[PDB]
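Descriptive analysis of the structure
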Amino acid sequence: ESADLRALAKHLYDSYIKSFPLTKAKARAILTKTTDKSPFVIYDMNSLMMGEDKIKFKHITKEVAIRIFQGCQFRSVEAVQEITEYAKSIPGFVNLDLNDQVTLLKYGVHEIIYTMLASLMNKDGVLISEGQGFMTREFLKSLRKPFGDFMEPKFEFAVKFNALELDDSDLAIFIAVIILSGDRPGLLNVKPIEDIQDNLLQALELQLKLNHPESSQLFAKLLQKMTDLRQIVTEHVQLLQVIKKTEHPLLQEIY
Amino acid sequence: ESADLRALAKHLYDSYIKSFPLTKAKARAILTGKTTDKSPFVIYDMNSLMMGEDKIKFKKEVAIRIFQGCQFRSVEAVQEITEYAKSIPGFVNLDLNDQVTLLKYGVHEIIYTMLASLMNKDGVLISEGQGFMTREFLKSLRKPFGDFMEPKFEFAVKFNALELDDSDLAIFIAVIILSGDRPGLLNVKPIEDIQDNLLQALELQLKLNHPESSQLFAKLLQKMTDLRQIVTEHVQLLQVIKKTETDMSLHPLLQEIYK
Ligand SMILES: O=C(O)[C@H](Cc1ccc(-c2ccccc2)cc1)Oc1ccc(-c2ccccc2)cc1
């Protein structure tokens with residue numbers, strides 16, 4: 001009851017904090033008050049360089065649009081690990097069948113990645129490199145044939161997701177819910193997964209009603225965003241199927 | 001007040017009864033063939049199919065004929081849903097183009113929600129319950145047509161496990177129509193205001209009608225995700241058919257819906 005749910009919410013929030021470096025509270029302040037370490041801004045082809053020499057980019061080893069895609073892959077691999085480690089703090093997650101843990105992570109990370117990408121996006125761009133940088137939405141659409149429409153649909157999703165004004169303590173439970181789905185293809189013991197998600201869902205409801213007592217039916221609106229999230233992932237993989245018709249060995253292995 | 005949501009629950013339920021002639025209650029009573037109140041005739045092959053006219057109201061190869069008569073039912077369901085929508089409070093007050101956008105995008109999502117009420121894992125009622133067409137028979141039909149109903153069965157089997165009755169669905173169907181995220185809406189905010197009320201009424205309803213079913217509300221909303229994928233598979237499958245058989249006509253209403 002209240003105490004029990006509110007303890008898990010606290011637990012998940014604490015865990016969410018130390019698993020994820022760039023929190024939403026942090027990214028929003030960096031974004032459109034707390035002006036003290038304003039980030040470098042990539043708004044066009046000329047500011048993309050310099051940036052390279054000014055940011056501590058870790059993926060540079062060749063077209064501009066491909067090298068931005070590849071940088072987005074590197075970052076995705078990092079977040080998989082951060083998500084993986086957060087997953088392991090969700091009560092009951094590690095006690096599940098190991099194959100099921102792997103399946104849940106496998107089919108969940110993309111959904112979680114775009115959820116949290118929203119936290120770093122406004123309608124004019126997205127933070128990059130732990131917030132030391134900013135890539136404008138306009139510069140991204142202007143990129144080559146298949147690449148210019150890779151991150152527009154995430155921008156579109158983010159504006160409608162951020163309009164819910166969740167905070168991290170909201171997002172922590174929300175992400176738990178996503179991982180502990182239960183309809184992921186090929187699960188062996190759905191019952192403990194759904195059991196856990198049921199718990200997480202209960203904790204999310206309470207969390208939203210206390211943290212947003214004036215946002216009516218917010219729980220239901222948040223859950224409704226899962227349909228947009230899955231269509232986004234579904235559309236994302238198809239543009240990946242076209243990229244395998246455009247372009248390392250050991251590096252191609254890492255992805 | 002709870003009491004206003006309950007009255008909205010009753011209103012929508014009563015209008016569901018009036019616009020949908022084959023309820024889930026009727027369908028369940030037919031499907032559980034332990035009630036000889038009128039049992040269905042069962043189509044499972046070419047020969048049962050051909051006998052299916054001497055015995056059922058039944059107005060080109062086998063696959064065509066089956067999906068020509070499924071097109072009829074589909075446009076007829078569009079009208080029934082369309083009639084149900086006008087009964088949702090506030091719906092007819094919205095901008096006319098919004099009204100048209102809501103039906104455009106909600107209608108198939110509702111057709112497969114309600115198709116589950118006609119389905120068990122084994123097959124689906126047809127011709128207003130008089131008939132029953134097995135899942136295997138549908139899955140066996142020619143290269144493109146056979147790939148059509150199987151994803152509805154898969155959804156229906158899971159969705160049916162929620163054990164919703166007609167009063168639950170009436171509210172759920174109303175929430176789907178009044179989304180607000182549909183592409184191209186002019187006044188999103190009055191749509192969300194109604195759906196906000198619809199969602200409140202659904203939540204209370206599930207809590208009251210299914211007291212032991214924890215988080216059935218949330219679980220039901222998650223299902224909204226399965227619906228939209230099915231629309232997408234179906235549509236892209238529909239695009240294969242118009243190129244395979246250029247002699248075959250999709251009904252104009254359903255054409256207009258698909259964009
Ligand atoms: O897209 C639509 O509106 C419908 C949705 C649908 C509606 C009803 C059923 C149904 C199927 C069996 C029994 C009862 C109902 C199945 C699907 O799906 C259709 C699929 C194929 C057709 C079609 C029409 C003419 C020629 C070929 C295919 C029409 C509709």
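Residues numbered from 1 in each chain as written, not as in the entry; some residues may be left out. Chains lettered and ligands numbered in written order. Heavy atoms only, no water. Residues with missing side-chain atoms left out of burial classes, pairs and counts.

Per the PDB record, the structure was determined using X-ray crystallography to 2.100 Å resolution.

Chain B carries the name Peroxisome proliferator-activated receptor gamma in the PDB entry, which gives Homo sapiens as its organism. The title field of the PDB entry reads "Crystal structure of the complex between PPARgamma LBD and the ligand LJ570: structure obtained from crystals of the apo-form soaked for 15 days". Its UniProt record gives chain B the following Sequence similarities comment, quoted word for word: "Belongs to the nuclear hormone receptor family. NR1 subfamily." (UniProt positions renumbered as here; feature names shortened; annotations may be inferred.)

By the naming in the PDB entry, chain A goes by Peroxisome proliferator-activated receptor gamma and is assigned to Homo sapiens. Per UniProt, chain A carries the Sequence similarities text "Belongs to the nuclear hormone receptor family. NR1 subfamily."

**Points about the UniProt feature "binding site: rosiglitazone" in chain A**
Residues and elements named next belong to chain A. The sites that UniProt annotates as "binding site: rosiglitazone" are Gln73, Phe74, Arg75, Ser76, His110, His236 and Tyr255. Here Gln73 shows up in helix 4 (residues 64–87). Summarising the element assignment, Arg75 is placed in helix 4. (Helix = DSSP H or I, 4+ residues; strand = E, 2+ residues; numbered from the N terminus.)

**Details of the UniProt feature "binding site: rosiglitazone" in chain B**
Residues and elements named next belong to chain B. Summarizing the sequence annotation, UniProt attributes the feature "binding site: rosiglitazone" to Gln71, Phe72, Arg73, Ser74, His108, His234 and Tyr258 in the numbering used throughout. Topologically, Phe72 is positioned in helix 4 (residues 62–86). Summarising the element assignment, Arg73 is placed in helix 4.

**Focus: the packing of helix 5 (residues 96–115) of chain B against helix 10 (residues 216–244) of chain B**
Residues and elements named next belong to chain B. Running from amino to carboxyl end, helix 5 crosses helix 10 at an angle of 105 degrees, the nearest separation of the two axes being 9 Å. It follows from the interaxial angle that helix 5 and helix 10 lie roughly perpendicular. Residues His108, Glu109, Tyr112 and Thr113 of helix 5 pack against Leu227, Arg228, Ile230, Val231 and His234 of helix 10. (Axes fitted to C-alpha atoms, helices over the stretch in contact; angles between N-to-C directions. Parallel < 35°, antiparallel > 145°, perpendicular 65-115°, else oblique. Contact = heavy atoms within 4.5 Å.)

**Digging into the packing of aromatic side chains**
Given two aromatic rings, their pairing is described by the distance between the two centres and the angle made by the two planes. Residues and elements named next belong to chain A. Using the criterion set out here, one finds 14 aromatic pairs over all chains in the structure. Look at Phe69 and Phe150: their rings are 5.3 Å apart centre to centre, the planes differ by 45 degrees, and that puts the pair in the tilted class. Separated by 81 residues along the polypeptide, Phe69 in helix 4 and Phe150 in the loop between helix 6 (137–141) and helix 7 (152–162) bring together distant segments of the chain. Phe150 carries the same exposure label as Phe69, and that label is buried. (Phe/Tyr/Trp six-rings, centres within 6.5 Å; stacked < 30°, edge-to-face > 60°. Buried < 20%, exposed > 50% of the residue type's maximum accessible area, 1.4 Å probe, protein only.)

**Concerning the sheet that holds strand 1 (residues 40–42) of chain A**
Note on sheets: strands pair through backbone hydrogen bonds, and any given pair is parallel or antiparallel. Residue and element names in this part refer to chain A. Strand order in the open sheet formed by 4 strands is 1-4-3-2, and the pairing between neighbours is mixed. The open sheet is flanked by strand 1 and strand 2 (121–122), the only strands paired with a single partner. Looking at chain direction, strand 2 and strand 3 (residues 125–128) are connected through 2 bridges and run antiparallel. From the neighbouring strand, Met121 faces strand 3, where its bridge partner is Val126. (Pairing = 2+ DSSP bridges.)

**Topic: the interface of chain A and chain B**
Every contact between the two is made by 19 residues of chain A and, on the other side, 20 residues of chain B. With both sides pooled, the region where chain A packs onto chain B buries about 1900 Å², and carbon together with sulfur makes up 45% of that total. For the chain A face of the interface with chain B, the top three residues by lost area are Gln217, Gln224 and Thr227 of chain A, together amounting to 31%. Inspection of the chain A/chain B interface yields 0 salt bridges. Counting across the interface, chain A meets chain B through 6 residue pairs in polar contact. (Buried area = accessible area lost by both parts, 1.4 Å probe. Salt bridge = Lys/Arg side-chain N within 4 Å of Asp/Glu carboxyl O. Polar contact = N/O pair within 3.5 Å; in protein donor to acceptor, adjacent residues only side chain to side chain.)

**Some details on helix 5 of chain B**
Residue and element names in this part refer to chain B. In a regular helix each residue adds 1.5 Å, so 20 residues correspond to 28 Å; helix 5 covers 28 Å between its end C-alpha atoms and thus fits that length. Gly106 marks the point of greatest bend in helix 5, at about 40 degrees. Taking burial as the measure, the 20 residues of helix 5 include 16 buried ones, the bulk of the element. The N-cap residue of helix 5 is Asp95: its side-chain oxygen and the backbone nitrogen of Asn97 are 2.6 Å apart. (Expected span 1.5 Å × (residues − 1). Bend = angle between axes of the 7 residues up to and from the residue.)

**Notes on the pairing of strand 4 (residues 131–134) of chain B**
All names here are of chain B. Of the two faces of strand 4, both are covered, the one formed by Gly131 and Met133 as well as the one formed by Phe132 and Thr134. For strand 1 (residues 41–43) and strand 4, the ladder comprises 3 bridges, and the chain directions are parallel. Pairing of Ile43 across the sheet is with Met133, part of strand 4. Examined bridge by bridge, strand 3 (residues 123–126) and strand 4 share 4 bridges and lie antiparallel to one another. Bridging across to strand 4, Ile126 finds its partner in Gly131.

**Here we look at a nonpolar patch on the surface**
Taken together, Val77, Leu251, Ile254 and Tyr255 of chain A make up a surface patch of nonpolar side chains, about 350 Å² in accessible area. You can see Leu251 of chain A is positioned in helix 11 (residues 249–254). (Patch = residues over 30% accessible without salt bridge, like charges linked within 9 Å, V, L, I, M, F, W, Y side chains within 5 Å. Areas by Shrake-Rupley, 256 points an atom, 1.4 Å probe, with all protein chains shown as cover.)

**With respect to the site of the ligand**
All names here are of chain B. Close contacts around the ligand come from 17 residues, with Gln71, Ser74, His108, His234 and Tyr258 the closest. Between the ligand and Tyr258 there is a distance of 2.7 Å, counted from an oxygen atom to a side-chain nitrogen or oxygen. Starting from 640 Å² of accessible surface for the ligand in isolation, the protein chains cover 94%. Contributions of two or more residues to the shell around the ligand are made by helix 4, helix 5 and helix 10. (Near = heavy atom within 4 Å.)

**What about the packing of helix 8 (residues 168–179) of chain A against helix 9 (residues 190–211) of chain A?**
Think of two packed helices as two axes; the pair is described by the angle between the axes and how far apart they sit. Residues and elements named next belong to chain A. Where helix 8 meets helix 9, the closest approach of the two axes is 9 Å, and the angle between their N-to-C directions is 160 degrees. What the angle tells us is that helix 8 and helix 9 run roughly antiparallel. Seen along the crossing, helix 8 lies across helix 9 with a hand that is left-handed. Seen from helix 8, the contacting residues are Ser169, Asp170, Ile173, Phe174, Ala176 and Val177; seen from helix 9, they are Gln197, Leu200, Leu201, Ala203, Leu204, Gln207, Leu208 and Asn211. Considered class by class, the residues forming the contact of helix 8 with helix 9 number 9 nonpolar, 4 polar and 1 charged. (Left-handed = near helix turned anticlockwise from the far one by under 90°. Nonpolar A, V, L, I, M, F, W, Y, C, P; charged D, E, K, R; others polar.)

**A word on unusual backbone geometry**
Positioned with a positive phi, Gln217 of chain A is a non-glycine residue whose angle comes to about 60 degrees. Relative to the helices and strands, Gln217 of chain A is located in the loop between helix 9 and helix 10 (218–243). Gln217 of chain A gets classed as buried once you look at its relative accessible area, which sits at 12%. Of note, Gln215 of chain B is a non-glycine position whose phi angle comes to about 60 degrees, a positive value. Secondary-structure assignment places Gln215 of chain B in the loop between helix 9 (188–209) and helix 10. The class for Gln215 of chain B is buried, based on a relative accessible area of 12%.

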